[PDB]
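Chains as they are written, first to last, in full-length UniProt numbering: chain A, 96 to 237; chain B, 4 to 145; chain C, 2 to 122, 126 to 151; chain D, 51 to 99.
Every residue, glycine too, gets a C-beta built ideally from N, C-alpha and C.
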Amino acid sequence: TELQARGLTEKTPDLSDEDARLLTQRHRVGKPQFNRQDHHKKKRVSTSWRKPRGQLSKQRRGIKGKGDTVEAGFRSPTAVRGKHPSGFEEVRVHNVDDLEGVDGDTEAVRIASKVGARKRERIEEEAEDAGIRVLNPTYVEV
Amino acid sequence: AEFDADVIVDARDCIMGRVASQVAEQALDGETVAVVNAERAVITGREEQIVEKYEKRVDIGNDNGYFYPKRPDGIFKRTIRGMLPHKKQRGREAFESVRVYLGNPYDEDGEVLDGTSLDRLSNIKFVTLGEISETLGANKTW
Amino acid sequence: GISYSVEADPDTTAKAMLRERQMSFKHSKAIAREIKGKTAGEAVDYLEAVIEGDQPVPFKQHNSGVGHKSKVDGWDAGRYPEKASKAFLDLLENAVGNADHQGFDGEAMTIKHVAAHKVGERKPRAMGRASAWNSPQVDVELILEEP
Amino acid sequence: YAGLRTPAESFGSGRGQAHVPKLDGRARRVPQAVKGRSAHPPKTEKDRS
RNA sequence: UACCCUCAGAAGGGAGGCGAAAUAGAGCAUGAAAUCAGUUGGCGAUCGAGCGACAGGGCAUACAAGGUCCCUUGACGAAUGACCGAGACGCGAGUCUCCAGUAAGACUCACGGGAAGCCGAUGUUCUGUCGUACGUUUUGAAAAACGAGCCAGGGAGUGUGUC
RNA sequence: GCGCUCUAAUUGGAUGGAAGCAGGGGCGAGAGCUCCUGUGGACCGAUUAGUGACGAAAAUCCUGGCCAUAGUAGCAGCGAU
Ligand SMILES: [Cl-]
Ligand SMILES: [Cl-]
Ligand SMILES: [Cl-]
Ligand SMILES: [Cl-]
Ligand SMILES: [Cl-]
Ligand SMILES: [Cl-]
Ligand SMILES: [Cl-]
Ligand SMILES: [Cl-]
Ligand SMILES: [Mg+2]
Ligand SMILES: [Mg+2]
Ligand SMILES: [Mg+2]
Ligand SMILES: [Mg+2]
Ligand SMILES: [Mg+2]
Ligand SMILES: [Mg+2]
Ligand SMILES: [Mg+2]
Ligand SMILES: [Mg+2]
Ligand SMILES: [Mg+2]
Ligand SMILES: [Mg+2]
Ligand SMILES: [Mg+2]
Ligand code: NA
Ligand code: NA
Ligand code: NA
Ligand code: NA
Ligand code: NA
Ligand code: NA
Ligand code: NA
Ligand code: NA
Ligand code: NA
Ligand code: NA
Ligand code: NA
Ligand code: NA
Ligand code: NA
Ligand code: NA
Numbered sequence: 096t097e098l099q100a101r102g103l104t105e106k107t108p109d110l111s112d113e114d115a116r117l118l119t120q121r122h123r124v125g126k127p128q129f130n131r132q133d134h135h136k137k138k139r140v141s142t143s144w145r146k147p148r149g150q151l152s153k154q155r156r157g158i159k160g161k162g163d164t165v166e167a168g169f170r171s172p173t174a175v176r177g178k179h180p181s182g183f184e185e186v187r188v189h190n191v192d193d194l195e196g197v198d199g200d201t202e203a204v205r206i207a208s209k210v211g212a213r214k215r216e217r218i219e220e221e222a223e224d225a226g227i228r229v230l231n232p233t234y235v236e237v
Numbered sequence: 004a005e006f007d008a009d010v011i012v013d014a015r016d017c018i019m020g021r022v023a024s025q026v027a028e029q030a031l032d033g034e035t036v037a038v039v040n041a042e043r044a045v046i047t048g049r050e051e052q053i054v055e056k057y058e059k060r061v062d063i064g065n066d067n068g069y070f071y072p073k074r075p076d077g078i079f080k081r082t083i084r085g086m087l088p089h090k091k092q093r094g095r096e097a098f099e100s101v102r103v104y105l106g107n108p109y110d111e112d113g114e115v116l117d118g119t120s121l122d123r124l125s126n127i128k129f130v131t132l133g134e135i136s137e138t139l140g141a142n143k144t145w
Numbered sequence: 002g003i004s005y006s007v008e009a010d011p012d013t014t015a016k017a018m019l020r021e022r023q024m025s026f027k028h029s030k031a032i033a034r035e036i037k038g039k040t041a042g043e044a045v046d047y048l049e050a051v052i053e054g055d056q057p058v059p060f061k062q063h064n065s066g067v068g069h070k071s072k073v074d075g076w077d078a079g080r081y082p083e084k085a086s087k088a089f090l091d092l093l094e095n096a097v098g099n100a101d102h103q104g105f106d107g108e109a110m111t112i113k114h115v116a117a118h119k120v121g122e126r127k128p129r130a131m132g133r134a135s136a137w138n139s140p141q142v143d144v145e146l147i148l149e150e151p
Numbered sequence: 051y052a053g054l055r056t057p058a059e060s061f062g063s064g065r066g067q068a069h070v071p072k073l074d075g076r077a078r079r080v081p082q083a084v085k086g087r088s089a090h091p092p093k094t095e096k097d098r099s
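Okay, structure coming up:
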């Protein structure tokens with residue numbers, strides 16, 4: 096009658112108090128957009144980031160208000176870096192074989208988008224039976 | 004008419020500037036203020052010079068404009084406007100909620116703020132707004 | 002060319018289009034804007050009065066240099082685009098024609114939608133010369149709806 | 051000689067146009083011009099062994 | 001692209017037929033940006049200009065791909081760190097001792113309770129802070145120094161020989 | 001260290017819908033990676049080792065397209081009104 100996602104969409108990993116504090120930190124602090132200088136002033140200039148090289152550039156010079164310049168002090172904590180917001184580490188999956196070795200508590204799975212409906216169904220279920228969650232599940236009517 | 008003044012200040016024999024400074028402060032706190040007897044407010048100094056400063060402000064101008072009030076009504080209000088960010092939303096709001104009246108159009112007497120009263124007994128060098136206005140060429144209607 | 006930008010319901014609605022018409026595109030925007038919401042019939046009477054000069058079409062966007070017309074309400078400038086107007090009458094004659102051939106009351110139908118679109122480039129022919137200047141080429145959709 | 055087969059010449063200053071060699075009103079030869087030569091192209095004289 | 005209606009009409013349009021698909025209908029695969037029409041959301045005819053960045057408010061939001069978030073209380077608690085009161089000085093503003101490194105104190109968590117446009121995020125707008133593009137030339141560029149109307153695509157350390 | 005072309009070895013995806021495109025979600029300080037929906041309708045990757053006509057906001061840069069300019073100038077001036 097209604098649509099319901101296959102799999103363990105509610106499953107949550109188990110993280111050591113530290114990693115949970117760290118994950119929580121990242122989510123709290125966040126980071127600046129880090130978009131290219133003046134991208135919003137000229138259409139031809141895309142949002143993608145390029146270091147400002149102008150000798151007189153206001154950003155390059157760090158004038159307050161002209162945007163944060165990309166630098167290492169902005170990195171996320173080692174422990175959680177790359178972690179999906181749920182806390183899960185992801186594993187790119189293309190076929191059923193790829194599901195082997197994946198710990199359903201530590202990692203969730205993302206099925207390459209290129210995979211077709213047929214091969215998905217196989218994966219989606221076998222994945223669940225292995226205790227693994229699939230971040231991008233098929234929604235069926237039940 | 005009809006101004007739900009939260010506060011009514013009596014300018015009679017009071018230093019215009021000092022009053023205006025406090026009226027601004029309060030208006031920037033909502034305090035709907037009304038100033039009374041501006042014709043009788045006073046500013047210290049040597050009359051002859053004081054008048055010059057004001058007389059000049061009237062000559063100053065051009066196509067664009069520089070409207071300067073000659074009535075004590077206006078003189079005082081512009082003095083107040085000068086102490087507020089009347090171009091900013093909140094500033095124009097405070098100013099808008101402040102009015103100067105000639106004489107007292109209310110019932111309640113006005114209250115005198117602290118440190119704004121000039122002691123006529125120990126002060127011979129000062130001027131009355133009305134006197135200034137009479138000089139500026141204003142039409143005495145008070 | 003264009004395709005209907007709005008969606009209609011065949012049971013309570015008629016359609017009509019104009020293709021590659023060589024006429025001011027700026028005048029069309031005005032007329033459309035002007036006759037939308039009117040009744041196929043009201044529009045016709047209107048447009049004919051415009052072609053006459055008794056009724057002016059409000060020029061709200063393309064009005065540089067245009068002199069003020071007293072009959073314009075809420076606005077000031079306007080003119081009497083008789084070429085563009087004669088072409089809207091064709092669109093209407095057609096929209097109201099299809100209307101009745103479907104058991105509808107064309108004249109009393111509402112102009113739910115009408116919009117002009119510049120299409121450009126006429127395109128030379130085989131045994132035919134080329135386009136002189138860059139005369140605009142207009143397309144215009146119309147959707148009649150039962151009251 | 052790809053791109054070089056033309057007598058194109060730049061008009062120089064004076065008409066509010068970049069100094070780009072042109073012929074019949076179309077720019078030619080130089081690398082930044084559509085149909086112009088290829089600056090640093092592949093070469094036969096190169097030893098790929 | 002037959003048939004029918006309309007039209008001055010081999011035009012065009014409506015209806016219709018073919019095909020998986022006509023938004024594959026003739027310069028007909030896909031169909032970006034600049035840009036145009038219509039329209040939805042936000043703003044708006046008393047108000048100020050590098051168009052934003054970071055904070056924080058309004059309003060707006062189908063699903064999916066993110067799921068957080070608010071308040072009571074409590075635990076932990078770095079630097080910092082009191083009010084009141086008791087006594088004691090100072091012409092005075094005020095200070096000293098004690099109460100006390102106490103109460104307080106960012107982040108984080110636990111119990112109970114709450115939110116589903118609700119939290120993030122996104123669109124627009126409001127407020128605060130800062131802020132006169134970019135690249136180049138230059139001792140010094142927002143410059144009344146030089147370049148560009150806008151967008152897309154194109155556009156500049158390569159080969160041989162020798163050291 | 002990220003990205004592009006094509007070669008090889010190893011290994012995968014796709015008409016149960018590839019590339020591309022539009023809008024949207026997640027990750028990375030970032031170059032960028034990835035997912036969802038729509039479109040599309042036939043190709044597309046990953047890792048390693050290679051290859052190079054390999055990355056643009058600029059050059060009065062080139063070519064094409066387009067907007068404002070504007071429903072504006074011109075369609076009068078001539079001894080042939
Ligand atoms: Cl690093
Ligand atoms: Cl003046
Ligand atoms: Cl101000
Ligand atoms: Cl005195
Ligand atoms: Cl036009
Ligand atoms: Cl923490
Ligand atoms: Cl180099
Ligand atoms: Cl790196
Ligand atoms: Mg841009
Ligand atoms: Mg005119
Ligand atoms: Mg060539
Ligand atoms: Mg096509
Ligand atoms: Mg110099
Ligand atoms: Mg390019
Ligand atoms: Mg391999
Ligand atoms: Mg550059
Ligand atoms: Mg051009
Ligand atoms: Mg003009
Ligand atoms: Mg004659
Ligand atoms: Na004074
Ligand atoms: Na004046
Ligand atoms: Na206009
Ligand atoms: Na009128
Ligand atoms: Na009018
Ligand atoms: Na030649
Ligand atoms: Na030029
Ligand atoms: Na060779
Ligand atoms: Na907002
Ligand atoms: Na230069
Ligand atoms: Na500059
Ligand atoms: Na200057
Ligand atoms: Na131009
Ligand atoms: Na190159």
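Secondary structure at C/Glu-21: strand, using DSSP grouped into helix, strand and coil. Shown here for B/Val-54: same chain residues with a beta carbon closer than 6 Å to its own, the five before and five after excluded, namely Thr-138 in chain order. Ranked by Cα distance from A/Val-186, the options A/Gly-149, A/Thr-201 and A/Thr-164 are led by A/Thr-201. Here B/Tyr-104 is near B/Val-38, since their CB atoms are less than 8 Å apart. Note on geometry: alpha-carbon atoms of C/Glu-94 and C/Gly-79 lie some 25 Å from one another. Taking 8 Å as the cut-off, the Cβ atoms of D/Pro-71 and D/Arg-79 count as close. Under the DSSP definition of a beta bridge, C/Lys-16 partners with C/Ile-147. For A/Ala-174, the CB stays at least 7 Å from every heavy atom of ligand 1. The Cβ-Cβ distance between B/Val-36 and B/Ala-30 falls below 8 Å. In this structure, C/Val-67 has its beta carbon at no less than 7 Å from each heavy atom of ligand 24.
Annotation: the continuous alpha helix (DSSP H) that includes B/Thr-138 extends over 132-139.
The closest heavy atom of ligand 21 lies 7 Å or more from the beta carbon of B/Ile-78. For ligand 21, a non-hydrogen atom lies closer than 7 Å to the CB of B/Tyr-71. Annotation for C/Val-67: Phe-60 and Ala-78 place their beta carbon closer than 6 Å to its own, counting only its chain and skipping 5 residues before and after. Of the candidates C/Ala-134, C/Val-7 and C/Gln-141, the residue whose Cα lies closest to the Cα of C/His-118 is C/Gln-141. For A/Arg-116, the Cβ falls inside the 7 Å cut-off from some heavy atom of ligand 6. Exposure of B/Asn-65 is indicated by the presence of fewer than 16 other C-beta atoms within 10 angstroms of its C-beta. Checking the 7 Å criterion, the Cβ of B/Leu-139 is out of range of every heavy atom belonging to ligand 30. With a 10 Å radius around the Cβ and a threshold of 16 neighbouring Cβ atoms, B/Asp-13 comes out buried. Relative to the Cα of A/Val-204, the nearest Cα in the group A/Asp-192, A/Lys-214, A/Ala-212 and A/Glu-184 belongs to A/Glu-184. When B/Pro-75, B/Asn-142, B/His-89 and B/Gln-25 are compared, the shortest CA-CA separation from B/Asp-117 is found for B/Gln-25. When secondary structure is reduced to three states using DSSP, C/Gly-79 falls in the strand class. For B/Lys-90, the Cβ falls inside the 7 Å cut-off from some heavy atom of ligand 3. Note that the C-beta distance between C/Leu-92 and C/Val-144 is below 8 Å. The closest CA to that of A/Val-210, considering only A/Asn-231, A/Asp-114 and A/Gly-226, is found on A/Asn-231. At least one heavy atom of ligand 21 lies closer than 7 Å to the C-beta of B/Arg-60. Note on geometry: alpha-carbon atoms of C/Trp-76 and A/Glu-166 lie some 57 Å from one another.
Boundaries of the alpha helix (DSSP H) harbouring C/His-28: 26-36, taken from the DSSP string. At least one heavy atom of ligand 1 lies closer than 7 Å to the C-beta of A/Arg-170. Taking all protein chains in view, the Cβ of C/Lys-72 is surrounded by fewer than 16 other Cβ atoms within 10 Å, so the residue is classified as exposed.
Apart from the 5 residues on each side of it in sequence, A/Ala-207 sits with its Cβ closer than 8 Å to the Cβ of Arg-187, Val-188 and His-189 in its chain, given in chain order. Collapsing the DSSP output to three states places B/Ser-120 in a strand.
Spanning the alpha carbons of B/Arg-15 and B/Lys-143 requires a straight line of approximately 17 Å. Rounded to whole angstroms, the gap between the alpha carbons of C/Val-7 and A/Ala-212 is 34 Å. In this structure, the alpha-carbon of D/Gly-86 lies about 10 Å from that of D/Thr-56. Only residues of its own chain outside the window of five on either side were considered, and among them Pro-72 have a CB closer than 6 Å to the CB of B/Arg-81, listed in chain order.
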